[PDB]
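Below is one structure, written out as structure tokens; comments come after it.
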Amino acid sequence: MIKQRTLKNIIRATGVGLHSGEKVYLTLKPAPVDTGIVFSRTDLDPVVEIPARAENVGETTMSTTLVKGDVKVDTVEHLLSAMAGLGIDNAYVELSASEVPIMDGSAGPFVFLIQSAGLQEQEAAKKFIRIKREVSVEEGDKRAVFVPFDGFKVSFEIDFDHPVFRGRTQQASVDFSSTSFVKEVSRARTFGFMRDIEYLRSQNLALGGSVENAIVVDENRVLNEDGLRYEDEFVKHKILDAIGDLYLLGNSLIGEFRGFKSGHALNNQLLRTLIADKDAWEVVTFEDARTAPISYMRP
Amino acid sequence: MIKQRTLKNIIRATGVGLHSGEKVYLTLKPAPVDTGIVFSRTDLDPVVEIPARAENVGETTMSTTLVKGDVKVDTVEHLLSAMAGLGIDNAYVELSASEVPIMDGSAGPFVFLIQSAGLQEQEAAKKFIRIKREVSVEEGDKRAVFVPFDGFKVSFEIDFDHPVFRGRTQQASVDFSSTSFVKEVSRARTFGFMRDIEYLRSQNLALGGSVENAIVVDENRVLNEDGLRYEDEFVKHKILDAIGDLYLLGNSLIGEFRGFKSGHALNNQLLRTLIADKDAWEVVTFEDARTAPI
Amino acid sequence: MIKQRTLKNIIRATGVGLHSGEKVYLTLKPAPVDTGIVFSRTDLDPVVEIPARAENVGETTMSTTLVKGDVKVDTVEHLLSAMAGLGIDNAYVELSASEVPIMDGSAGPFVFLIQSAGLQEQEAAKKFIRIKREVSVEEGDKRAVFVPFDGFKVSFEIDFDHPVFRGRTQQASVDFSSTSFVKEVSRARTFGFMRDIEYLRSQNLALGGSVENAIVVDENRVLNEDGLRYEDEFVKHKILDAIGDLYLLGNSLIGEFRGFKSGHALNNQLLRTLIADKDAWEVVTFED
Ligand SMILES: O=C(NO)[C@@H](Cc1ccc2ccccc2c1)NS(=O)(=O)c1ccc2ccccc2c1
Ligand SMILES: O=C(NO)[C@@H](Cc1ccc2ccccc2c1)NS(=O)(=O)c1ccc2ccccc2c1
Ligand SMILES: O=C(NO)[C@@H](Cc1ccc2ccccc2c1)NS(=O)(=O)c1ccc2ccccc2c1
Ligand SMILES: [Zn+2]
Ligand SMILES: [Zn+2]
Ligand SMILES: [Zn+2]
Ligand SMILES: [Zn+2]
Ligand SMILES: [Zn+2]
Ligand SMILES: [Zn+2]
Ligand SMILES: [Zn+2]
């Protein structure tokens, strides 16, 4: 049987909130079978929990935001990408504030935290969502598509014609496993223009955001002193975001995603569209010695 | 006088439908005086005819689509460009499906079929639509203009800033006083991005679309093994498109067209706007061919 | 005390109207204290006056247009930039038509005409509007912002990815405590594509527009035989426009403006937003 997985131990970490600029306290905890990933606001009394599911998504402006009433948690997608990447089905993510710390702008830190906590296989079948037919959404020139595929494959293309981007890799495809996620995707940082940072920092927004947690460009060049982690870092980050946003489905996906200039809003719209078309997907498990077409890291 | 023209004989051909990926059966037939170009769906019972006229254009998303009720024929513009280019006034176009076959992505195959069918002059004056005053339309950054001109002239400019287009010819003008439609325009293939083909195919659209019927590019380079036919092939295909779309006026044009990033939608809008402005045009004939534009 | 300033003498000029292609007559005249800059349609009877104030701006399609009822004056910003740059508080600008003549497409001619008129210091304190809190507006990808600053600074960035604009300065800052408006900004000409000119002409518009009053480009190159007045002429002209548009506040600014692809419409929207946000600004005079 292909089994569900959680964390072996509790692990804690801290970092700055992108929005607040204040220190946020993060705790990852084990969770029972069929819990999924659940965020909890432990600064609140009573504590408020928000399951990481598509139906709980609120705003999708800059990051993916989860909401329950007036209570929110944003900046969820990078951590969720790491949970998806390492095959973590069940976990609690406790936070002292309304956002997951941005860390270095990638999913790398979260991969390392999960690894440090250790993996624990659980006595319950892992559920997968298999794409059975094509589903797509578009918003202007932006497109996001699911097609059937025996495995998990994520493709993405951006299109920037600014000098800084002309001739750089702007398309990539990853045939997904834990191992191809950790080394080829997880450390890809988010990115934006310095003029966009300037604009947010004026009007006192994104107070924790800097070159320390993003690739920062201007019209002509990359401004980070140490350059890029990967030549394809820009497009790899979009793949990272897509993996994280798609994990709001609540289970590992068996299929193929293709994005063109897609963002959190379109990713979420694609999920909603899939979920509502019951003919386009099925829940599957792999029992009695059968195996899944996706490879995950051994505990 | 300058006489109306039809085909001398029937001619048949086949080609894959861009949309369906299925073989489509095409027949070009002679037609009486004042018929214009009429498309006929022979797969339907009863047969449904749609005159190739500006008023009959439904959608314009990827190609020019003629519509009558729930029946449509799209990808009409490349064939219409050849009819316009060779001066065919009257003809029936019978089709087994909701699209004209895409052939090689240009008007070249239709030039052969029309010329092989032969030209037949008819005992009636050929009517022309002469532009008397400027008319224009815009949509976002896109523009389309008619300007008075003693002849027929089509100018077009595109504006792509992707590396694959930076530096390539993206503007051209053809004055048909001196210049041949067949030699200078007809063989220019349509074009687009491989990422768009991928997407369309995933939607079961463009099931017949490939490098065999388009110039296919990515962000940085032309993907076709043997590259372009002409250096200016991109912008010349836009001129081909304009000539075909403008022939939905129903008559040869005496005037100048100028497009900037104009597509089938804006082209049709220009026609509808022109038609509504009754003082911006007139119909003319030439009892002495010597008085016509060269 | 820092005093208000008007013109010393009346000065006249003529030029082609950008829209009409007709000869337009202009007169600059002194004005009393607290008049501000006032445009006058002196071709009409009775004469119609439109104060150059943010509340009187109508259309912002290609230029800034002032309106009172059905009477308009457009293309005001280049002249206004000159008035602002030379510290002219009070003046009348009389016109024979609904547009300020375009001249050479820059503020240079207006600087020279104002300079020719001479300066007259007046017996009243000059009022400044000081920015005390950040104010911002946005429209699509365009942004305009005021930030507190001890002086006057204009920062601007454009973003064109056409070959003709690549490899040029597309961002500039001017701190007017160190930089001279007259030598570093005022001569920057307006600019646009020849295809845009051709389109306007076919609509019987911009009949007076040409290489004689603009930098004209195509997709790949500058078409003017003479090149550029400054390497950064394009962005400097946007700064020039910003200065003109901002002078519709009615007084000189103490603060910093930052624009990204901001045009006349967004510039005006920023002014109207600032005016309404009373806690973000104050009027100040200087006794010494
Ligand atoms: O990767 C993201 N979401 O998954 C980023 C995308 C983003 C959006 C806007 C930006 C503006 C300027 C710079 C970088 C930017 C990236 N969204 S985010 O994680 O919420 C984020 C937003 C703003 C930031 C500013 C500066 C550093 C890091 C940031 C991250
Ligand atoms: O020339 C045309 N109409 O007159 C083409 C324009 C077009 C639009 C979208 C494309 C996407 C990718 C490649 C080429 C494309 C060309 N419209 S079309 O004749 O309907 C057409 C559409 C899509 C195609 C895909 C692939 C080959 C040929 C095509 C033709
Ligand atoms: O500087 C301006 N306003 O402050 C110009 C901006 C502009 C707009 C559109 C253009 C089209 C083509 C060429 C240049 C252009 C400049 N607006 S304007 O002063 O009203 C103006 C408009 C159109 C013109 C065409 C030709 C020359 C000069 C022009 C000035
Ligand atoms: Zn679909
Ligand atoms: Zn750019
Ligand atoms: Zn991200
Ligand atoms: Zn591009
Ligand atoms: Zn075409
Ligand atoms: Zn361009
Ligand atoms: Zn200007």
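Scope of the values below: all heavy atoms of this structure, side chains included, with no hydrogens, waters or symmetry mates. Here is how names work: the chains are called A, B, and so on, in the same order as the sequence lines, proteins then strands, and each is numbered from 1.
Taken from CD in A/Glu134 to CG in B/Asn204, the straight-line distance is 8.0 Å, to the nearest 0.5 Å. Atom CD of residue A/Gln170 and atom CG of residue B/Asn220 lie 8.0 Å apart, to the nearest 0.5 angstrom. Here the CG-CZ distance, from B/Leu200 to A/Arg143, works out to 6.5 Å after rounding to the nearest 0.5 Å.
A 6.0 Å sphere centred on CD of A/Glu231 holds more than 12 heavy atoms belonging to other residues, nucleotides or ligands. For B/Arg187, the CZ atom sits in a loose shell: 12 or fewer heavy atoms of surrounding residues, nucleotides or ligands are nearer than 6.0 Å. Around the CD atom of A/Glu282, the shell of radius 6.0 Å holds more than 12 heavy atoms that belong to other residues, nucleotides or ligands. Atom CD of B/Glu139 sits in a sparse spot, with 12 or fewer heavy atoms from other residues, nucleotides or ligands closer than 6.0 Å. Applying the 6.0 Å contact sphere to CG of B/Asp226 captures no more than 12 heavy atoms from other residues, nucleotides or ligands.
Partners of B/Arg229 under the salt bridge (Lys or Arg N to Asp or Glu O under 4.0 Å) rule, at least two apart in sequence or in another chain, are B/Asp104. A/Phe128 meets the ring pair (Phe, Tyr, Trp, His ring centres under 6.0 Å) test with A/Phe286; sequence neighbours excluded.
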Would you give me the side-chain donor-acceptor pairs under 3.5 Å for residues 152-160 of chain A, sequence neighbours excluded?
residue  : atom : partner  : partner atom : Å
A/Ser155 : OG   : A/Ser173 : OG           : 2.6
A/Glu157 : OE2  : B/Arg195 : NH1          : 3.0
A/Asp159 : OD2  : B/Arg195 : NH2          : 3.1

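Looking only at side-chain heavy atoms (C-beta outward), B/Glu219 and A/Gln171 stay at 4.5 Å or farther from each other.
Residues of residues 252-262 of chain A that come within less than 4.5 angstrom of chain B, heavy atom to heavy atom, are A/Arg258, A/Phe260 in numerical order.
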